[PDB]
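Have a look at the structure below before the remarks.
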Amino acid sequence: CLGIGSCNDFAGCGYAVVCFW
């Protein structure tokens, strides 16, 4: 759910540094 990384945290919430593959 943060606004710094380039992928997704929790299904639609925002972005992540560790991307869930």
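How was it done? The header gives solution NMR.
The backbone N, Cα and C atoms fix where each Cβ goes, and this holds for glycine too.
If you look up Swiss-Prot, you'll see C1-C13 (among others) marked as disulfide bond. Less than 8 angstroms from the CB of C13 (disulfide bond) sit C1, each of them six or more residues away in the same chain.
Around the Cβ of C19 (disulfide bond), the same chain contributes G5, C7, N8, each under 8 angstroms and 6 or more positions distant in sequence. Classification of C19 (disulfide bond) by DSSP places it in coil, neither helical nor stranded. Residues or ranges marked as disulfide bond by Swiss-Prot on the basis of experimental evidence: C7-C19 (among others).
The local packing around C1 (disulfide bond), expressed as other Cβ atoms within 10 Å of its Cβ over all shown chains, amounts to 10.
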